[PDB]
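Residue 197, in the numbering used here, is where the sequence shown stops; the numbers in between run on with no holes. All residues carry an ideal CB built from backbone N, CA and C; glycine is no exception. Remarks on the structure that follows.
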Amino acid sequence: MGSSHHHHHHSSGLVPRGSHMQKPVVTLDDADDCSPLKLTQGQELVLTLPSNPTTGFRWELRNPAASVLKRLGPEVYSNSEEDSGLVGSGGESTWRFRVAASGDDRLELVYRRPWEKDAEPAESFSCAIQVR
């Protein structure tokens with residue numbers, strides 16, 4: 066045996082092989098990229114933010130961009146368990162949205178007790194959104 070051939074073969078696997086790209090973003094956690102993100106009628110939006118339901122201070126939904134984006138349903142908690150959704154704090158916040166129409170809008174979410182009214186939220190969040 067002396068044939069070394071040319072080029073290189075796949076043996077290390079440094080590229081993603083367990084993921085599929087189809088949506089633009091389908092998610093938004095960072096509050097820096099609040100730029101006028103472009104969307105398209107037919108793409109989901111499953112937000113993901115850290116929270117502790119063991120305290121009391123959750124994330125109040127102010128502007129869900131319902132002006133252009135349509136929500137699926139209130140149910141956002143899985144009854145069964147497959148990949149065990151437990152990071153180490155119990156339940157978490159999961160907002161599943163779906164685009165239906167275009168138009169300009171803006172998403173706004175604050176961090177405070179949902180059972181309150183115009184209270185003083187610790188954290189905050191608000192980014193821009195634009196569909197076409």
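The straight-line gap separating the alpha-carbon atoms of residue 136 and residue 154 is approximately 26 Å. For a cut-off of 8 Å, the C-beta gap from residue 111 to residue 161 is around 5 Å, short enough to register as a contact.
The beta carbon of residue 159 is closer than 8 Å to those of 111, 112, 113, 141 and 142 in its chain, skipping five residues each way along the sequence. Between the C-alpha atoms of residue 126 and residue 83 there is a straight-line separation of about 33 Å. Residues 173 of the same chain have their beta carbon placed closer than 6 Å to that of residue 191, with the five preceding and five following residues left out of the count. Residue 180 is classed as exposed because its beta carbon has fewer than 16 other beta carbons within 10 Å across all chains shown.
Counting every other CB atom within 10 Å of its CB across the protein chains shown gives residue 197 a total below 16, marking it as exposed.
By the criterion of a C-beta distance shorter than 6 Å, residue 117 is surrounded in its chain by 154, once the five residues flanking it on both sides are discounted.
With a threshold of 16 other beta carbon atoms within 10 Å, residue 80 falls short and is exposed.
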